[PDB]
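Heads up, the thing below is written out as structure tokens.
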């Protein structure tokens, strides 16, 4: 049936037919005059911001394709998804971290596809979101492996870092700060909406 | 003999040996100086706009291939064609809507193949015809089914809306407007001709 | 005695690491905490390093 | 005849790469290739394309 995806990918385009363990952003829709005007400006500014997210994906793909076809070993977590399948309904779930019993290591591992599938739907209000994915790539570098793999994946992390340094520019920074406060208000109204509905 | 198609598909290319319940556009050919010059400009601008319709179909297939091979459940109306077969010569025919006695629900249902074989012939003078086709997909989502199916089909409706928003561009919008009226003065003369002949 | 001039102390680029937005969130929490405890003093030691030129 | 002395011809700006510091790896590989033969001598052509003097930045 539904996809057995653990990461919080979802937005105005799609990817909302998912279920994970920790927090998930599944949102198309889930006094009164303030609520209805809030909904109106939500629709308008969300359409504009989704256009901005599409533009962000357009300007990110030119490097994302190179960084996806350069290496493949980090495009798959070392731990197979099946070990995390049976905890949906050895490995035990913490707040968000999954802990193994044999060794006791913590892994925030992805498959390097999550950034472009995330911008497929689109909730990258800030190039700080890309900075989070790059830092999390560095986290996958840090969590598992010896010195050689750690340093090579850290070089890749620094490559994504220079890329986001070029993507992040002061005028885009201020526009994205404006939409960042907008979408923090948006996520607050959405969490209270799902709590009240 | 003739195909038992109830949808109004027809254009210069073909598909004009059909009979339906509501209005149907069968168009190859069905004082005097204005009539003959009108036919001359009709032939000329109809050839030009038919080439434009081919171009629209070309830039439309690139997304409809994915949107038609992704799902197959909505490529077939919930009510079989046989119940609508016997009303050509349970279900009653309104202005254009079909009413079912058992429940009383109204369905403007299509099988998602109609838009591409419509552009096969070609009468999409404006992107608003595609807007109406996507809105009819949304109508199919709304009329029949519950929760999950409705929201999934609305997600595809939004995907197709985002596709047509890219297809609809201001230069093509103004050209389309030039042909909309071109085909408007065309449809008025066409009904008056089929009434007088 | 009954009102607190609660003093916040920061260092030179202690907020500012090489990661860009950690400083942003740290400033957000800093000023939110200043808002909560209404009378507050915020000090930026070595502000020539936190705001270099 | 008994100890074939090898050679490595390396230019200036080819080592200086894009990325960030993979120019370092371009010479890490060279130096680890300096220890596959013992009689190994390294040529860096146009070394000013790698290490020029500080001017103002």
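Chains as they are written, first to last, in the deposited numbering: chain G, 320 to 349, 954 to 1012, 1024 to 1131; chain H, 320 to 349, 954 to 1012, 1024 to 1131; chain F, 474 to 526; chain D, 474 to 530. In this text, a Cβ means the ideal position worked out from N, Cα and C, and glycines have one as well.
- DSSP, read as helix, strand or coil, puts residue 337 of chain G in strand.
- Comparing alpha-carbon positions, the option among G:983, G:1063, G:964 and G:1109 lying closest to residue 495 of chain F turns out to be G:1063.
- Under the Cβ distance rule, residue 493 of chain F counts among the residues neighbouring chain G, one pair being separated by less than 8 Å.
- At least one beta carbon of chain D lies nearer than 8 Å to the beta carbon of residue 1093 of chain G.
- Distance from the CA atom of residue 987 of chain G to the CA atom of residue 1050 of chain G, rounded to whole angstroms, is 8 Å.
- Residue 516 of chain F: member of the beta strand (DSSP E) spanning 513–517, first to last residue.
- Residues of chain G whose Cβ lies closer than 9 Å to the Cβ of residue 1089 of chain H are, in chain order, 332, 333, 335, 336 and 347.
- The C-alpha of residue 346 of chain G lies about 13 Å from the C-alpha of residue 1088 of chain H.
- Within chain G, no residue has its CB atom less than 8 Å from the CB of residue 973 of chain H, the nearest being about 32 Å off.
- At a cut-off of 8 Å between C-beta atoms, residue 1096 of chain H counts as an interface residue with respect to chain G.
- Sorting H:1078, H:1083 and H:326 by C-alpha distance to the C-alpha of residue 340 of chain H places H:326 at the top.
- Using a C-beta cut-off of 8 Å, the segment 509–520 of chain F makes contact with the segment 478–488 of chain F, since at least three inter-stretch Cβ pairs fall below that distance.
- Within the same chain, 997, 1000, 1041, 1042, 1043, 1044 and 1087 come within 8 Å of residue 1074 of chain H by CB-CB distance, once the 5 residues on both sides are set aside.
- Taking 8 Å as the cut-off, the Cβ atoms of residue 1046 of chain H and residue 991 of chain H count as close.
- Considering only G:320, G:328, G:970 and G:1110, the residue with the shortest C-alpha distance to residue 1053 of chain G is G:328.
- Contact with chain F is found for residue 1062 of chain G, since one of that chain's Cβ atoms lies less than 8 Å from the residue's Cβ.
- Chain F places no beta carbon closer than 8 Å to that of residue 1126 of chain G, leaving this residue out of the contacts.
- Only 1060, 1061, 1062, 1065, 1066 and 1069 from the segment 1051–1077 of chain G bring a Cβ to less than 9 Å from some Cβ of chain F.
- For residue 1006 of chain G, the enclosing alpha helix (DSSP H) starts and ends at 1004–1008.
- Taking the Cα positions, residue 989 of chain H is about 44 Å away from residue 499 of chain D.
- Bridge partners of residue 1025 of chain G according to DSSP: G:1034.
- Here the alpha carbons of residue 959 of chain H and residue 343 of chain H stand approximately 25 Å from one another.
- Residue environment for residue 976 of chain G: buried (at least 16 other C-beta atoms within 10 angstroms of its C-beta).
- The criterion of a C-beta distance shorter than 8 Å is not satisfied by residue 979 of chain G and residue 1057 of chain G.
- Here the C-alpha atom of residue 985 of chain G lies approximately 11 Å from the C-alpha atom of residue 1101 of chain G.
- As far as DSSP is concerned, residue 345 of chain H takes part in no beta bridge.
- About 6 Å separates the Cβ atoms of residue 333 of chain H and residue 1055 of chain H, confirming a contact at the 8 Å cut-off.
- With a beta-carbon spacing of about 7 Å, residue 965 of chain H and residue 1120 of chain H fall inside the 8 Å limit used to define contacts.
- Looking only at H:1123, H:1127, H:1129 and H:1113, the smallest Cα-Cα distance to residue 974 of chain H is reached by H:1113.
- Take residue 1027 of chain G, set aside five residues on each side of it, and the residues of its chain with a beta-carbon closer than 7 Å to its own are 340 and 1010, in chain order.
- If you draw a straight line from the Cα of residue 484 of chain F to the Cα of residue 526 of chain F, it is about 17 Å long.
- For residue 1002 of chain G and residue 1103 of chain H, the gap between their C-alpha atoms comes out near 47 Å.
- Residue-level contact by beta carbon holds for residue 1086 of chain H and chain G, with a gap shorter than 8 Å.
- The shortest CA-to-CA distance from residue 970 of chain G to any of G:1078, G:993 and G:330 is the one to G:330.
- Looking only at G:348, G:322, G:338 and G:323, the smallest Cα-Cα distance to residue 1128 of chain G is reached by G:348.
- C-alpha of residue 1110 of chain G to C-alpha of residue 1024 of chain G: approximately 42 Å in a straight line.
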